[PDB]
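For reference, the chain that follows is the form deposited in one PDB entry, supplied as structure tokens.
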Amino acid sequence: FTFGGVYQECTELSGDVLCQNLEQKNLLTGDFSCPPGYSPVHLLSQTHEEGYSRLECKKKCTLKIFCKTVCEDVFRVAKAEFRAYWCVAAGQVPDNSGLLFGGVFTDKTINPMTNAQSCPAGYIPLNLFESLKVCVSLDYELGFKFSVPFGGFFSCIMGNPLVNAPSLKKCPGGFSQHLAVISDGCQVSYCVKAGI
């Protein structure tokens, strides 16, 4: 099975502080898209809210004619929508280009491939959802050492098209199902080869 990457779009809803950390381009395309011959699979769309301190200035006046400005940190709420995708081969189309898969982890979970909140050596962490990191690499000769076969993603709203169109929330063939994250009550899982 070939892995065409993941990506994540973002739209600011109040403030403009969040999409910097929420948006994630696809390594393979330079954009929020899938390589030719791959299909975007929409895993999830949700809004992230966050409290932050914004610097603001305000004028206090005595009799509207003697005025002074003061600037302070003020507590505000930032909100933004993220829309999460992964890329799956619709057909065999042109090969062998695709990404090596090196596990996933969050700020509060651990990556079974490396047993650390990290990716294997030479791998890039890509942002997905609010805090998931997806470990990815492009160099087969150094990556395959640290790569596990990848069997797809699926979520509470979207099945896994690699199962063998019907989109079943399942893992294909000889792959085992593992929980990635629960994002605002929505389950997101991934599939890897049977193993510890």
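Residue positions are given as counts along the sequence shown, with the first one as 1.
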Continuity check for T69 and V70, given as deposited residues lacking coordinates between them: none
Residue stretch of maximal mean CA temperature factor, 15-23 vs 170-178: 170-178
Higher-scoring stretch by recorded Cα B factor average, 143-151 or 57-65: 57-65
Third of chain Cα B-factors occupied by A89: middle
CA B-factor ranking of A165, expressed as a third of its chain: highest
Modelled-residue ranking by C-alpha temperature factor, third containing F1: highest
Third of the chain's Cα B-factor distribution that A121 belongs to, per the entry: highest
Chain thirds of CA B-factor: placement of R83: lowest
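Absent from the display: the form deposited in another entry. The rest refers to it.
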Selected hinge residue, from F144, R76, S131, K25, for two rigid parts turning between the shown form and the other one: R76
